[PDB]
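> the sequence isn't on hand, but the structure is:
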RNA sequence: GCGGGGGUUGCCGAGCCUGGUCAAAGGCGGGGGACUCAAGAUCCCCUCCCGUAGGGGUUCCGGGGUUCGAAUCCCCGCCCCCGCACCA
């Protein structure tokens, strides 16, 4: 009822024994079982959710270890990032919420907290807080191989470097433009986290089509922005806003210089949009009105009409009008007021492509002049003739709308007849400080082109050779290998490894964390050398890492690298001998949320660097976890820490309670009651073993059948379990290995109550041996203990895994047992529906011919006659004839099963007394006298009974 | 919009992939009992409708397709949850 004292007792034992620190020579390679999981991001305390992500790889690491495999399951810490950093400053500024998140939620000694201004202190207190919680939950972790990330772990960064350099040899590293939420303070990116409000506002690509106003001296553009590049061929006039103001200014890019007239604010946004915008003249709004402007794409010209619906803060302000479609084109058109010039109400109305010159939708509702109620009916039309929209215009036709909206915009952008202005869908996007968010273009912005189709095949070509779990995720993965472009593999803030060819740039997290799986492979010997200054980080070069990953074994490259690095040759050989042994990585665990990224980048980077025969061999993912329904939010506070939870329930309980709940990608919900109750059950299990532990290990006994049964179910549960596990199917496993055996055994007991012979002992004592070895992975502590209470040998953790035993199998007795069970059920019902008391009942089974022989034949014609023909052609069977209607009935309930022949004997053997004891009635098997029409007025598996 | 997966009995949640043995695993909630003045706790039993002899009827979102037979396989419809990029 405690185990806290025991838990520790063993973590120390396992630890010191260095039992979970595999040795390659220990076994051949086809025995190895490398397996990893994503190193957490030391930023706080892992909660129950992350708890699960880790148990699973352990549970399997243990399991397979007992299974006889040379298992390797390490763990390290991931810190390359920016949250920690930002967090630091925040507690510095003595932030009320962030401090509450560490003072109450993650509970940190009021004192220690304050020392957080230093990021390294946050990457210190929690690195420690992890390794301890992992070890306090008893993971088969080989700490020999352990390291943290960033430029702070020199040998790793060198590895990471080698990687990225090797990423240019293939040309997967590129530079280019790149939008990104931003804070106009003094400068700072907004990674979808700093925004003090609405961070879900999408990044629209309103492209501006530079219309021409070649009046006075010369040229000047009025770039209107439309999300429908197709409407160009339907321009019928321009739109601006008299009220709001605009400006004239030069706009320079790479070299090309132009002079634009757009919204003041539109200047602002663009000033960041990677273009120097030196102002020149402000307008008043209606100024632009009057002038005409030539439609760039076509050749025609148009007038600049004034409007009220044109939002200034939205895009350039200038909107190309095409009333033939966009229902917002007729709002100001419906002229009636008094402005100035006149005559144009009779301007032709062309149209691109329910009807034609649409307007049966605008007034097809209840719209008067200018109402935002149309802000919807304006994009309702956009969809209809979007998927269903044949093209008809002076230029090329036929193709669908989703084609010109990519034949025009592709052409204009190409001929510089249009440019793209990035702008939000809404205005509610504020920064961390308080400023209003804008968008900026990054020229440099390094990339990793997960686009290059020759690589995006190399990947897809691997994934099919891998293994997925669940398997119903195979799709999602492929699908992602497709819809994936180039990812910005670097930032400017936080910790991480600096780009070996642009120290200004800091390699971001999810980009460096993709092939470390192979660093562990040598992480040991490096901590060895690193341990006592016998390692010069520098000496660890691209040239270096290459020998120990690709370059086949050349005795000299070792000698050559010996001096170059300052490391013994034989130590290098071993290092590479390690990797070559441990890779490929049989499995890689992680949550499902990392499929649409890391899990994937993981396959890519891999196929890009490792000799194919080193490609991942499979991936297993898992669901999230909640807490009493409500989702765990670091901010709301309802979050159970892993450790904080191991403390109030105990590792073994917690551990199993998790697997207990779900498998694969299914989420789980942590409930207090549930866990408490599973706890009691654990104890009952605990105790029980302890008892059976007494029983002498005598053996050689004469077990009755009820014993062969509890022994059959053991065998059953043994097998079913072996499976669920082979397939990371925890919930199931636990249902077999635990809740099953439990139940089956409680019955066996209830079954053989008041009994206790050299045999009932054997069963019980041997059950114990197995049962214990089975839960070993879920609850490794109380088992290392109970394994001791029983005869015991070596650590339980290294104990071979129990596989079904030579027969000991009895589908038959298993069958007979449910039979008697069912009989009981029947009698119980017969009485529950009528009589009262009566000391007894009478019932008879059946016999071959008269019955059974029929059924074991019907079940081989499954028809109606062919059987009846097969039968009447037999004496002592046709002998009843008119009664062989047993075939009719028997037919309308599908075929048969086996023959629980000794049947009546089971109803007899060790059942007779039990049954009567439980039913509290006198049982009389196969009588002679004929009661209520008893005698052979019965069927197989359903004997006839008569109470009274 | 691109895309991934789905809808089950009072609820939560299996089972559908290897159709028939599913009235439908498990849990929770509800109820009766051993209890024995009295909180708790363990175990047993019932919980879709009906039933004065172990039975009968209707069930797995709507409608069809396929089959001797579908919660289970195919199609159309409606509906629901999830990622989209530098953010771990």
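Thanks, I have it. Residues are numbered from 1 along each chain as shown, chains lettered A, B, ... in the order given.
> show me which residues of the stretch 251-400 of chain A sit near RNA strand B.
By C-beta under 7 Å from any atom of the strand, the residues of the stretch 251-400 of chain A that approach RNA strand B are A:383, A:387. Every residue, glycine included, has its C-beta placed from N, CA and C.
> can you name the residue of the stretch 251-400 of chain A nearest RNA strand B?
Going by C-beta to the nearest atom of the strand, RNA strand B is nearest to residue A:387 of the stretch 251-400 of chain A, at 6.1 Å.
> phi and psi next, for that residue.
Main-chain dihedrals, residue A:387, degrees, to the nearest 10: phi -80, psi -40.
> do the one 3 residues further on as well
Residue A:390 adopts backbone torsions of phi -80, psi 150, taken as degrees, to the nearest 10.
> contact partners for the nearest residue to it once chain neighbours are set aside?
In space, and not counting its chain neighbours, residue A:390 is closest to residue A:353: 5.8 Å by C-beta to C-beta, 6 or more residues apart in numbering. The contact partners of residue A:353, by C-beta atoms under 8 Å, 6 or more residues apart in numbering, come to A:385, A:389, A:390, A:391, A:392, A:393, A:401.
> derive a PyMOL selection command for the buried subset of these.
Provided next is the PyMOL selection string for whichever of the contacts of residue A:353 are buried by 16 or more other C-beta atoms under 10 Å:
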select buried, chain A and resi 385+389+391+393+401
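> of the contacts of residue A:353, which belong to helices?
Under the assignment DSSP state H, the contacts of residue A:353 contribute A:385, A:401 to helices.
> quickly find the element holding residue A:304.
Using DSSP states H and E, residue A:304 maps to strand A:301-306.
> which element follows that strand toward the C-terminus?
strand A:319-321.
> so what are the sheet partners of that following strand and their directions?
strand A:237-240 (antiparallel) (DSSP bridges).
> list the neighbours of the strand it pairs with that are in contact with it.
Under the criterion C-beta under 8 Å, 6+ apart, residues A:211, A:222, A:224, A:246, A:285, A:288-289, A:293, A:302-307, A:310, A:317-321, A:332, A:347 lie in contact with strand A:237-240.
> pick out the residue of chain A closest to RNA strand B.
Using C-beta to the nearest atom of the strand, the single residue of chain A nearest to RNA strand B is residue A:191, 2.2 Å away.
> quick revisit: the residue nearest to residue A:390 and residue A:386, how far apart?
Noted for residue A:353: a distance of 11 Å to residue A:386, by C-beta to C-beta, to the nearest Å.
> assumed residue A:945 was part of a strand.
Yes. Counting by DSSP: H, G, I helix; E, B strand; the rest coil, residue A:945 is found in a strand.
> and the nearest residue to residue A:723 once chain neighbours are set aside, how far is that from residue A:774?
Computed as C-beta to C-beta, 6+ apart, the closest residue to residue A:723 that is not its neighbour in sequence is residue A:729, at 7.4 Å. From residue A:729 over to residue A:774 the distance is 15 Å, taken as C-beta to C-beta.
> pop the domain breakdown of chain A in here.
With domains defined by curated CATH domains, chain A comprises A:1-178+A:443-670, A:179-442, A:671-808, A:809-846+A:899-948, A:847-898.
> tally of neighbours for the residue of chain A closest to RNA strand B?
Other residues near residue A:191 number 16, with proximity taken as other C-beta atoms under 10 Å.
> and the helices in the stretch 801-948 of chain A?
Along the stretch 801-948 of chain A, counting by DSSP state H, counting those that start in this stretch, helices occupy A:811-832, A:855-858, A:866-872, A:886-891, A:903-908, A:912-919.
> surely residue A:578 touches residue A:522?
Yes. In this structure, residue A:578 is within contact of residue A:522 by C-beta atoms under 8 Å, at 5.6 Å.
> so between the two, which is more surrounded?
residue A:522 (24 against 21).
> all helices for the stretch 251-400 of chain A, in order.
Using DSSP H, counting those that start in this stretch, the helices of the stretch 251-400 of chain A run over A:264-272, A:374-377, A:380-387.
> the more surrounded of residue A:729 and residue A:774?
Ranked by neighbour count (other C-beta under 10 Å), residue A:729 and residue A:774 place residue A:774 first, with 25 against 21.
> I'd like to know how far the more buried one sits from residue A:800.
Separation of residue A:774 from residue A:800 (C-beta to C-beta) stands at 12 Å.
> show me which residues of the stretch 651-800 of chain A sit near RNA strand B.
Near RNA strand B, when you scan the stretch 651-800 of chain A using C-beta under 7 Å from any atom of the strand, you find A:662, A:666, A:669, A:673, A:674, A:677, A:680, A:681, A:684, A:735, A:739, A:746.
> taking those residues together, which two end up most distant?
Farthest pair in those (C-beta to C-beta) is A:666 and A:746. Separation: 28.1 Å.
> gap between the residue positioned nearest the centre of chain A and residue A:852?
Nearest to the centroid of the C-alpha atoms of chain A, with distances taken as C-alpha atoms, centre = their mean, sits residue A:592, at 0.5 Å. In this view, residue A:592 and residue A:852 are 53 Å apart by C-beta to C-beta.
> same thing with residue A:539?
83 Å.
> comparing these two, which residue is more hemmed in?
Using other C-beta under 10 Å as the criterion, residue A:539 and residue A:852 rank with residue A:852 on top: 20 against 15.
> number of nearby residues for the closest residue to that one other than its chain neighbours?
Closest residue to residue A:852 apart from its sequence neighbours, by C-beta to C-beta, 6+ apart: residue A:940 at 5.2 Å. A count of nearby residues for residue A:940, using other C-beta under 10 Å, gives 23.
> so what's residue A:940 up against?
Residue A:940 makes contact with A:846, A:851, A:852, A:855, A:896, according to C-beta under 8 Å, 6+ apart.
> could the residues you listed be laid out in JSON lines, adding distance to residue A:228?
Output for the contacts of residue A:940, formatted as JSON lines (distance: C-beta to C-beta, whole Å):
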{"residue": "A:846", "distance to residue A:228": "81"}
{"residue": "A:851", "distance to residue A:228": "80"}
{"residue": "A:852", "distance to residue A:228": "79"}
{"residue": "A:855", "distance to residue A:228": "74"}
{"residue": "A:896", "distance to residue A:228": "70"}
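> top of these by neighbour count?
Greatest neighbour count in the contacts of residue A:940, by other C-beta under 10 Å, goes to residue A:855: 24 neighbours.
> residue contacts, that one?
Under the criterion of C-beta under 8 Å, 6+ apart, the contact list for residue A:855 reads A:886, A:890, A:896, A:940.
> chain center to stretch A:481-498, what's the gap?
Relative to the chain's own centre, stretch A:481-498 is displaced by 21 Å; criterion: C-alpha atoms, centre = their mean, to the nearest Å.
> oh, I was asking about stretch A:179-189
The answer for stretch A:179-189 is 31 Å, by C-alpha atoms, centre = their mean.
> buried sites along it?
By 16+ other C-beta under 10 Å, the buried positions in stretch A:179-189 come out as A:179, A:180, A:181, A:182, A:183, A:184, A:188, A:189.
> check stretch A:98-116 too.
Neighbour-count burial for stretch A:98-116 flags A:98, A:99, A:101, A:102, A:105, A:106, A:108, A:113, A:116 (criterion: 16+ other C-beta under 10 Å).
> from those, which two are the most distant?
Taking C-beta to C-beta as the measure, those have their most distant pair in A:105 and A:116, spaced 14.2 Å apart.
> would a markdown table of the helices of the stretch 801-948 of chain A with distance to residue A:168 be doable?
A markdown table is the format used below for the helices of the stretch 801-948 of chain A (distance: least, C-beta to C-beta, whole Å):
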| stretch | distance to residue A:168 |
| --- | --- |
| helix A:811-832 | 63 |
| helix A:855-858 | 74 |
| helix A:866-872 | 76 |
| helix A:886-891 | 75 |
| helix A:903-908 | 76 |
| helix A:912-919 | 78 |
